[PDB]
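In: What follows is a protein structure lacking sequence information:
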């Protein structure tokens, strides 16, 4: 099987103010779609998609929301 770039969802515990495109610009209470976690380009970052942003996000401010069923 080809496991990777599945697409998870994370929450925003705090708004993010990115200075460059690389990073993503989100605001508290925003559901970001974690396209992929395995990001060798940025250590400790998550590639999410919002309003056509396609930027990374700090895993320190992102809460990986996982389902209870078959968790």
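Out: Thanks, I have the structure now. Numbering: from 1, shown residues only.

In: For residue 47, grab the count of nearby residues.
Out: 21 (other C-beta atoms under 10 Å). In this view, the C-beta of every residue, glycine as well, is placed from N, C-alpha and C.

In: ugh, wrong one, residue 12
Out: For residue 12, using other C-beta under 10 Å, the count is 21.

In: hang on, isn't it packed against residue 25?
Out: No. Residue 12 is not in contact with residue 25 according to C-beta atoms under 8 Å; the separation is 10.6 Å.

In: Endpoints of stretch 21-28, how far apart?
Out: Taking C-alpha to C-alpha, to the nearest Å, stretch 21-28 runs 19 Å from one end to the other.

In: What residues of it count as buried?
Out: Buried residues in stretch 21-28, counted by 16 or more other C-beta atoms under 10 Å: 23, 24, 25, 26.

In: Let me see the contact set for the last one.
Out: Put plainly, it is residue 26. 12, 15, 16, 32, 48, 50, 53, 57 (C-beta atoms under 8 Å, 6 or more residues apart in numbering).

In: what about 7 Å?
Out: 12, 15, 16, 32, 50, 57 (C-beta atoms under 7 Å, 6 or more residues apart in numbering).

In: List only buried entries from those residues.
Out: 12, 16, 32, 50, 57.

In: possible to save those residues as a markdown table with secondary structure and distance to residue 63?
Out: Converted to a markdown table, those look like this (DSSP: H, G, I helix; E, B strand; the rest coil; distance: C-beta to C-beta, whole Å):
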| residue | secondary structure | distance to residue 63 |
| --- | --- | --- |
| 12 | strand | 8 |
| 16 | coil | 13 |
| 32 | strand | 10 |
| 50 | coil | 15 |
| 57 | strand | 11 |
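
In: with those residues in mind, which one is nearest to residue 40?
Out: residue 57 (15.7 Å; C-beta to C-beta).

In: so who does the closest one touch?
Out: Counting by C-beta under 7 Å, 6+ apart, residue 57 has contacts 16, 24, 26, 32, 45, 46, 48.
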